Amino acid sequence: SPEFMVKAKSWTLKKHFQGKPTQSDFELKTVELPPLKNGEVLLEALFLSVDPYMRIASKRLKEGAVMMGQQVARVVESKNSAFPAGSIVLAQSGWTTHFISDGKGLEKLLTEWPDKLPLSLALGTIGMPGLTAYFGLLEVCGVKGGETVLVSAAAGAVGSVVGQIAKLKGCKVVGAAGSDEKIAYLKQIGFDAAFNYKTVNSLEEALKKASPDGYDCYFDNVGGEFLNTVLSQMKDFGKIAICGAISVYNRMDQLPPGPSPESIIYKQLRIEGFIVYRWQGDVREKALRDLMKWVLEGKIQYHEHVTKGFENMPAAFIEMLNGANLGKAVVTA
Amino acid sequence: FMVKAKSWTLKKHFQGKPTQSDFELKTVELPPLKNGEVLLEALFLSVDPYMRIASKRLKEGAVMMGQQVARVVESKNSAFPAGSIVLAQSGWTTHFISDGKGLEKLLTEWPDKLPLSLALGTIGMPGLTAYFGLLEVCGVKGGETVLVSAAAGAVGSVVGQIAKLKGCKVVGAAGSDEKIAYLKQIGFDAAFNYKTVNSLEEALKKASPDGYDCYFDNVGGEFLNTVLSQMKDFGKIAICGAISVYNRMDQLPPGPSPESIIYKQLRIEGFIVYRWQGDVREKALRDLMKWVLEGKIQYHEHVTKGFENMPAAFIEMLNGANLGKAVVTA
Ligand SMILES: NC(=O)c1ccc[n+]([C@@H]2O[C@H](COP(=O)([O-])OP(=O)(O)OC[C@H]3O[C@@H](n4cnc5c(N)ncnc54)[C@H](OP(=O)(O)O)[C@@H]3O)[C@@H](O)[C@H]2O)c1
Ligand SMILES: NC(=O)c1ccc[n+]([C@@H]2O[C@H](COP(=O)([O-])OP(=O)(O)OC[C@H]3O[C@@H](n4cnc5c(N)ncnc54)[C@H](OP(=O)(O)O)[C@@H]3O)[C@@H](O)[C@H]2O)c1
């Protein structure tokens, strides 16, 4: 009978990002939640995700609106039989602690989820980033064993999966990340070679040294100048999966010099962009089951860069874009 | 009577746009033929955009590279008797001594009504580039909207006409009103002058409101960057050339947006004519021949008379003075 008020906190974009995002660009907001109506559910954020795409997608956002994003939530109260109280769900509810949903965009967590795996993996390795890697590598690059794969942002959420899936499929893998720590971690999880792109004497020589015969596929997470240099190291008919271009997210208006036509043409390279969401239904579930299975078998190792506290979400996003994160950046409620 | 051959050599590596001073004429009396050799006399010499890039590899003083239609004057090789017409990668020279190894004979049933110089264009390398770039790389099946840059050029003109005969909608871009009028007359559904149009995006949008299935890229650079936003989802981009940056290869303009390539999930693919060989290549040439004879593929040659005017013809073509294939008559 007693009714208790639910305070929902949200992170809103105060001012659009000029260059690198700063704390001042965000403003905490609090809103009192109305009671649930028939066919509605009240969600309580457990784990929130911060992702690179937010830096770009934030532009289409109206200043004052809530930042976009996916989160793992728990159903506190329910008046929707499909989502019973206590059930776990994935929601594109944005940066908010609590949220009322009619059940539309809600996605039930993979059934048979092991207690030993933290639920936050549903936002990374056994989630969107892991699916991005799975498809961009196996579908776009289309590796079938033996190929040499280069992956930028190798110690990131997507890159970490790419490299390990490439290894379990019999490919030689070269990874590039931003710290000596990430490089050491890459060697530990199975990368054949890895170098710190920030301290390299010569990017061309490093890539050459890592694979003198070149690369069959380059999973591009960085774009920009790094991409331009890689082209010269690609084998004839080599594929380039354009997954992201994080190096230019803060300078989309003033993009750096482009890729050389000479390399693209004479080496007859194939460059292809893609988005995770292209793969739906049965193939997507299959991919999730495989990632789950590979994690349990120890094939795909993982690490989460956990930031505790909803109030520290802007910092977690900013630092993730700056490279402080080893593995998936996740913010615990 | 001895033969004195003249050759155009690279005096100095091009700095931006090539000029006349970058070329030097050299004359040398050729030695007698040795067994298995032939003496060639250039008839038609080609000047091509790739020469602007390939010249960088040359050791200053070397003869400029290129293909030419030549006749056998003297012969000591049974495979090539005097009187034969051949295609040779002999470079910019009036006379050349070959051992017969690289010489390619023209299509066996060459029609008299068609000038031999077409063997260097529409029914040649550029024509093959158009054929394979459009049919294999863009891989059109019919009904698609195709965009072609340098539309009134050797490659571009063939792309547009093969696309049309295959049942596609063709949009072409060129740099002169004379070329735009020519493109309309030969079949292009739409054609705009990229130099005068107020907005490149608007011109592309008006030509095809629904977007583009395939973009045959002969220009690259800033032009390419703009096309991307107009490509339909999953659209194909055949990177054939990038003449727009040949004079600034070391100082490349801003690259394509990752946003367009990623969200539209575009496929960009470079290619070189040379990938296609053997029976598939010979069949393509016959198809080109048949289409020209049937009138489906009209052509125009931008002829420059005289060997000493070859540098000028090369420079001109890079600047866009040519409508159709640029060819030099010896
Ligand atoms: N198409 C799709 O469907 C799709 C889906 C998800 C993600 N993506 C893209 O995939 C890429 C990886 O995303 P993620 O979720 O896995 O993030 P993440 O890699 O975990 O985090 C981003 C990482 O990027 C690196 N970075 C930042 N600035 C850089 C710069 N200037 N140059 C080079 N590296 C830089 C940092 O690591 P270092 O210390 O190594 O620099 C940072 O940790 C991003 O570009 C993202 O947009 C695409
Ligand atoms: N991959 C391959 O195998 C292969 C083989 C042959 C040729 N190609 C390439 O195909 C393209 C066309 O070659 P082609 O022999 O047919 O030459 P072409 O088009 O007959 O002559 C080049 C034409 O390019 C245009 N142009 C020059 N500078 C330009 C600029 N800054 N911006 C836009 N257009 C410019 C000019 O026409 P406008 O009046 O329209 O400006 C010029 O007439 C070249 O890029 C060439 O490198 C590739």
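Residues numbered from 1 in each chain as written, not as in the entry; some residues may be left out. Chains lettered and ligands numbered in written order. Heavy atoms only, no water.

A separate point is the sheet that holds strand β8 (residues 148-152) of chain A. The 12 strands are arranged β10(A)-β9(A)-β8(A)-β11(A)-β12(A)-β13(A)-β13(B)-β12(B)-β11(B)-β8(B)-β9(B)-β10(B) in an open sheet whose pairing can be described as mixed. Because the sheet does not close on itself, it has two edges, and the strands there are β10 (193-196) of chain A together with β10 (190-193) of chain B. For this sheet the average axis-to-axis angle between neighbouring strands, irrespective of direction, equals 15°. The pairing of strand β11 (residues 212-217) of chain B with strand β12 (residues 231-239) of chain B spans five bridges and is parallel. What sits directly across from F216 of chain B, in β12 of chain B, is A238 of chain B. (Pairing = 2+ DSSP bridges. Helix = DSSP H or I, 4+ residues; strand = E, 2+ residues; numbered from the N terminus. Axes fitted to C-alpha atoms, helices over the stretch in contact; angles between N-to-C directions.)

Around ligand 2 lies a shell of 27 residues, among which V155, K179, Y246, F271 and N322 of chain B are the nearest. Those residues lying near ligand 2 are distributed over chains A and B. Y194 of chain B has a polar side-chain atom sitting 2.8 Å from an oxygen atom of ligand 2. Burial of ligand 2 by the protein amounts to 90% of the accessible area it has alone, namely 920 Å². For the shell around ligand 2, a count of residues per class yields 18 nonpolar, eight polar and one charged. (Near = heavy atom within 4 Å. Polar contact = N/O pair within 3.5 Å; in protein donor to acceptor, adjacent residues only side chain to side chain. Areas by Shrake-Rupley, 256 points an atom, 1.4 Å probe, with all protein chains shown as cover. Nonpolar A, V, L, I, M, F, W, Y, C, P; charged D, E, K, R; others polar.)

This brings us to the domain arrangement of chain A. Residue and element names in this part refer to chain A. Domain boundaries assigned for chain A yield domain 1 (1-124 + 303-333) and domain 2 (125-302). Measuring from the centre of the C-alpha atoms in domain 1 to the corresponding centre in domain 2 gives 28 Å. With 30 residues of domain 1 in contact, the opposing surface of domain 2 contributes 23 residues. When the two sides are added together, the surface that domain 1 and domain 2 hide from each other amounts to roughly 2,200 Å², 62% of it contributed by carbon and sulfur. Of all residues in domain 1, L110, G124 and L326 give up the largest surface area on contact with domain 2, accounting jointly for 23% of the area buried on that side. At the junction of domain 1 with domain 2, the criterion picks out one salt bridge. In this structure, the salt-bridge partner of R284 is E107, at a minimum N-O distance of 2.9 Å. (Domains from an automatic or database assignment. Contact = heavy atoms within 4.5 Å. Buried area = accessible area lost by both parts, 1.4 Å probe. Salt bridge = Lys/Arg side-chain N within 4 Å of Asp/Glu carboxyl O.)

Further remarks concern the nonpolar core. Residue and element names in this part refer to chain B. Counting residues in each nonpolar core, the largest one holds 54 residues, and the members touching the most others are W110, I123, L134, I162, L183 and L288. If you list the elements that add at least two residues to this core, you get α2 (125-137), β8 (145-148), α3 (154-165), β9 (169-174), α4 (177-185), β11 and α8 (278-293). Ranked by the residues each element gives to this core, the list is headed by α2, at eight residues. Among residues more than four places away in sequence, those in contact with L183 are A151, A152, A174, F188 and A191. (Core = buried A, V, L, I, M, F, W, Y, C linked by side-chain atoms within 4.5 Å. Buried < 20%, exposed > 50% of the residue type's maximum accessible area, 1.4 Å probe, protein only.)

Within the secondary structure, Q233 of chain A sits in the loop between α6 (224-231) and β12 (234-242). Not counting the four nearest positions on each side in its chain, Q233 of chain A is found in contact with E204, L207, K208, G214 and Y215 of chain A.

What follows covers the interface of chain A and chain B. Facing the 28 residues of chain A at the interface are 30 residues of chain B. Taking both partners together, chain A and chain B bury about 2,300 Å²; carbon and sulfur atoms supply 67% of that area. In this structure, the connection of chain A to chain B is made through zero salt bridges. On the surface where chain A and chain B come into contact, there are nine residue pairs in polar contact. Sorting the residues of the side of chain A that touches chain B by element identifies β12, α7 (261-266) and β13 (270-273) of chain A as the ones contributing at least two each. With five residues, α7 of chain A is the single largest residue contributor to the side of chain A that touches chain B. By residue class, the composition of the side of chain A that touches chain B is 19 nonpolar, five polar and four charged. Inspection of the sheet shows β13 of chain A paired to strand β13 (residues 267-270) of chain B by three bridges, in the antiparallel sense. Looking across to β13 of chain B, one finds that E272 of chain A is bridged to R267 of chain B.

Attention shifts here to the domain arrangement of chain B. Residues and elements named next belong to chain B. With domains assigned, chain B is organised as domain 1 (1-121 + 300-330) and domain 2 (122-299). Placing a centre on the C-alpha atoms of domain 1 and another on those of domain 2 gives a separation of 27 Å. Across the contact, 31 residues belong to domain 1 and 24 residues belong to domain 2. When domain 1 packs against domain 2, the two sides together hide about 2,300 Å² of surface, and 63% of this comes from carbon and sulfur. When the buried area of domain 1 at its contact with domain 2 is split by residue, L107, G121 and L323 rank highest and sum to 25% of it.

All names here are of chain B. Looking at chain direction, strand β14 (residues 301-305) and strand β15 (residues 325-329) are connected through five bridges and run parallel. Within β15, the residue paired with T304 across the bridge is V328. Between the parallel elements β14 and β15, the chain passes through helix α9 (residues 310-318) in a crossover that is right-handed. (Right-handed = clockwise from strand over helix to strand, strands pointing away.)

As a further point, take the pairing of strand β4 (residues 71-78) of chain A. Residues and elements named next belong to chain A. Bridge count between strand β3 (residues 41-49) and β4: seven bridges; the pairing is antiparallel. What sits directly across from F47, in β4, is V72. In the sheet, β4 pairs with strand β5 (residues 88-91) via four bridges, with the strands oriented antiparallel. Each bridged residue has a counterpart across the sheet, and for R74 the counterpart in β5 is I88.

Moving on, we get to helix α3 (residues 157-168) of chain A. Residues and elements named next belong to chain A. Here α3 contains 12 residues, and its C-alpha end-to-end distance of 17 Å stays within 8% of the 16 Å for a straight helix at 1.5 Å per residue. In terms of residue burial, α3 counts as a mostly covered element, since 10 of its 12 residues are buried. Every buried residue of α3 is accounted for by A157, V158, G159, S160, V161, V162, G163, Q164, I165 and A166. Positive phi shows up at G170, right after α3, with a value of about 85°. (Expected span 1.5 Å × (residues − 1).)

This brings us to the environment of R60 of chain A. Residues and elements named next belong to chain A. Tracing the sequence through the fold places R60 in the loop between α1 (53-57) and β4. Judged by its relative accessible area of 80%, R60 is exposed. Along the sequence, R60 and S160 sit 100 residues apart, while their C-alpha atoms lie 29 Å from each other.

The next thing to look at is the state of the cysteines. Defined simply, a disulfide is a covalent bond joining two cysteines at their sulfur atoms. By the definition in use, this model includes two disulfides over all chains. Two residues share a disulfide in this structure: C141 of chain A and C217 of chain A, whose sulfurs sit 2.0 Å from each other. The S-S bond linking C141 of chain A to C217 of chain A shows a torsion near 85°; that makes this disulfide right-handed. With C141 of chain A in helix α2 (residues 128-141) and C217 of chain A in strand β11 (residues 215-220), the pair connects residues that are 76 residues apart, well separated along the chain. The class for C217 of chain A is buried, based on a relative accessible area of 1%. Each sulfur in the disulfide pair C138 of chain B and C214 of chain B lies 2.0 Å from the other. Here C138 of chain B and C214 of chain B share a disulfide; its torsion about the S-S bond, 85°, makes the bridge right-handed. Separated by 76 residues along the polypeptide, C138 of chain B in the loop between α2 and β8 and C214 of chain B in strand β11 bring together distant segments of the chain. (Disulfide = S-S within 2.5 Å.)

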